[PDB]
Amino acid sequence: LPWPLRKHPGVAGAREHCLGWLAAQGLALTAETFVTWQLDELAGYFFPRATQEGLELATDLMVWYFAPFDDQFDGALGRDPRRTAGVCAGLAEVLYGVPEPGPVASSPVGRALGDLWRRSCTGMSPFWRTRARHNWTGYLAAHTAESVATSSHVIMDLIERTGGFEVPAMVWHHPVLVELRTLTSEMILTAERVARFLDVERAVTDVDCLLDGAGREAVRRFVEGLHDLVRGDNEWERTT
């Protein structure tokens, strides 16, 4: 890739913190795949300029993706017409908090998802909370539809959360950033996507006529975070 490689400090400490979060959520085996697949290292590559709290959050979400969440879709589309859809629906009920959340909200995966969402929303504005809750809903939905848009969009929503900044919503939906997010999610034929990325990235200065100083700095850190998702994912695949 044409971008430098960066890695986060707390990969060890987050690895320690995660091992407690797994126990305090009833997820203690499947943790033998967390240390085998090197998910903490992937969290270190995805979010290098994140705070320690942010790296702990992203690591927890990564293990939530590989161990408990997929242990529900283990062998779906063979014995689950509406069971997988009620699991996804129940987790969305954990996101929204409905009067009757059901047994899915009291399960370790659902409790842990409630904790992850509770931590992800801290400090963020209602625009980020609404947009990220919508991206979570679409992820769970399209993940249900595959029993007859991957998880990269919520991670790209996590760049702002773990980075201690926020991109304004009016330029968040600008077609330049939308296309950059689509090309980024595709790379997670590839040289054409890299060239197209480096071409669309020039137009990032065309959205500075609607921004201020802090906003332009926010868009800078978001596009850099996409660089880090691509190069870091490439590294983690490379050393595995």
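The first residue of the shown sequence is 1; numbering continues from there.
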Between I188 and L189, determine how many residues of the deposited chain lack coordinates; answer none if the chain runs continuously, otherwise 1 to 3, 4 to 9, or 10 or more.
10 or more
For the step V148 to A149, what size class fits the number of deposited residues with no coordinates, none, 1 to 3, 4 to 9, or 10 or more?
10 or more
Of 138-146 vs 158-166, the stretch with the larger average CA B-factor in the entry is 138-146
Please compare 73-81 with 126-134 and say which has the higher mean C-alpha temperature factor in the record.
73-81
Candidate set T33, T182, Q52, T59 [ranked by C-alpha B-factor, highest]:
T33
Say you rank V171, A43, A214, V200 by Cα B-factor from the PDB entry; which sits at the top?
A214
CA B-factor ranking of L177, expressed as a third of its chain
lowest
Could you tell me which third, lowest, middle or highest, the C-alpha B-factor of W37 occupies within its chain?
highest
Ranking every modelled residue in this chain by its Cα temperature factor as given in the entry, which third contains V94?
lowest
Sorting the chain's modelled residues by C-alpha B-factor and splitting them into thirds places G114 in the middle
Just say lowest, middle or highest third for the CA B-factor of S120 relative to the other modelled residues in its chain.
lowest
